[PDB]
Structure formats: structure tokens, C-alpha cells
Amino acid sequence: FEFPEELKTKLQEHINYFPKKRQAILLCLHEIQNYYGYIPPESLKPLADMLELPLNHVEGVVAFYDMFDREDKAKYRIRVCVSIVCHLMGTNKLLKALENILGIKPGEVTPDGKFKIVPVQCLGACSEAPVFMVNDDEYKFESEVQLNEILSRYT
């Protein structure tokens, strides 16, 4: 298993960025998930090498950080906050609209491998509860009609 050169460039760039190269492990992992739509298990041996780090160190890191996913490939991750504030303001309304529109519940990918709903803790936007992200873009949920328009931006 080898990364495309397109991708190795970005990873080298992150590795040169910090003074020591092992400090770039999270930025490399972010970049891999961004590129593949998940962290492939087979990807971790060549990463460990670029970071001059043993494999099992990288394994424990991926497992510790909740943003990283090794199970399911997904083009758009819909991160839905389930913490106290969004619960009070209508997480359940948002999840219902998502189920009506996409036909899936938290932790499921759609059968086309396009959307995965990912329940996350507070997203630091509680004034605009209930909050969700679609990859990097972030929004307040107002209604099912509104949600439907937003999701239609992601092809």
C-alpha cells in the first residue's frame, strides 16, 4: 500500500511544518480521512514510517481521537450535536428530518456511501442550537424544508 503522490505532498508539507515531524500526526490523519472518506487500516503502516514512529503508537492515537473513523467510508459526514443545549432546542427534530430525507439514523451510512450521520458532543455553537456540520461547513437546523435545501448543495 502506497499513497498517491498528490496526497504524499500534503502529508510531507504537514510534516515539515512543525519543528519535529511527529507533531503533524493529527494533520496527516485529518488529510487522509479528507482524501479517502475514512482512515483505511492499511494506510497506517506508511504513515507511521513518514512520522518515524512505531505502528502501535499511531494505532492508539487513531483510537483515542473521535473525529477519526476506520469502519465506514463516507463522502459527507453529517456531524449532529447530541449534548445538553441542542437536546433542549431540538436534536430529535433534526434527526427525524434527517431520517425522513436520507432514510438513516446515527452511525449509519447511506447505501450509496454518500452521507453518514455521526453523533458528536458539543460543537461550540450552542447559541445557534440545534447545530450540525456537513464536513467542514456548519449550520443551525431550523426546519425540515431548510435542511433539505442545505443537503441539496452536497452532490
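Residue numbers here begin at 1 and follow the sequence given.
Here the stretch with the larger average CA B-factor, out of 47 to 55 and 27 to 35, is 47 to 55. Higher mean CA temperature factor between 5 to 13 and 141 to 149: 5 to 13, per the PDB entry. Remark: of 124, 130, 41, 119, 41 shows the highest value [criterion: C-alpha B-factor in the PDB entry]. Among the modelled residues of its chain, residue 93 has a C-alpha B-factor that falls in the middle third, as given in the PDB entry.
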